[PDB]
């Protein structure tokens, strides 16, 4: 996979050139924003279980047909599978946040997932709703002003939303 650093290096190598001043400056800024990035990852990770559980309850309360006999989330085996998937997607999203690049998400998670859900008979659009709910919960937790050194950490919040939307679009 590639983080935001190896991304620039791989682009430079393909052209056979040393890095330019603009590129060095851009990279130094990512480093200066590292504290905020680590805070967001730690906060989302620390609330992993509640984020998934609360999103699952909300999904099933809005779409009760998913847990009614026959529904795709009926039976404990299918329910467990569905909870596992929500946790897995959340996991890969945090990886992408730490890396500052979405390749690890696309490569080991999103790629081929839509096809997987169609083969199974799993409603991708419902998965997308679950992902969206986790997004709003993850962002409200990561960007919570309480208990942390004040500062603008909003550009990062847009980057984080991007990854969630990215995953929601891959299954939808």
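Numbering follows the first chain given and starts at 1. In this text, rigid core is short for the largest set of C-alphas that superpose within 1.5 Å between two forms.
Visitor: Relative to the presented form, and with the rigid core used for superposition, do the C-alpha atoms of 14-22 or of 150-158 deviate more in 6 other deposited structures of this protein?
Guide: After superposing on the rigid core, the more displaced stretch in 6 other deposited structures of this protein is 14-22.
Visitor: Of the two stretches 56-64 and 29-37, which shows the higher Cα B-factor on average in the entry?
Guide: Mean CA B-factor is higher for 29-37.
Visitor: Which is higher in the entry, the mean Cα B factor of 69-77 or that of 98-106?
Guide: Between 98-106 and 69-77, it is 98-106.
Visitor: Looking at the C-alpha B-factor values in the deposited entry, which of 146, 50, 111, 46 comes out highest?
Guide: 111 has the highest C-alpha B-factor of those listed.
Visitor: Among the modelled residues of its chain, does the C-alpha B-factor of residue 128 lie in the lowest, middle or highest third?
Guide: Middle third - that is where residue 128 ends up once the chain's C-alpha B-factors are sorted.
Visitor: Looking at the C-alpha B-factor of residue 122, is it in the lowest, middle or highest third of its chain?
Guide: Ranked within chain, residue 122 CA B lands in the middle tercile.
Visitor: Among the chain's modelled residues, which third holds the C-alpha B-factor of residue 137?
Guide: As the PDB entry reports it, the C-alpha B-factor of residue 137 lands in the middle third of its chain.
Visitor: Consider only the C-alpha atoms of the modelled residues in this chain, order them by B-factor as the entry records it, and name the third containing residue 153: lowest, middle or highest.
Guide: Top third by C-alpha B-factor.
Visitor: When the deposited Cα B-factors of this chain's modelled residues are ordered and cut into thirds, is residue 160 in the lowest, the middle or the highest one?
Guide: Middle third, going by the recorded CA B-factors of the chain.
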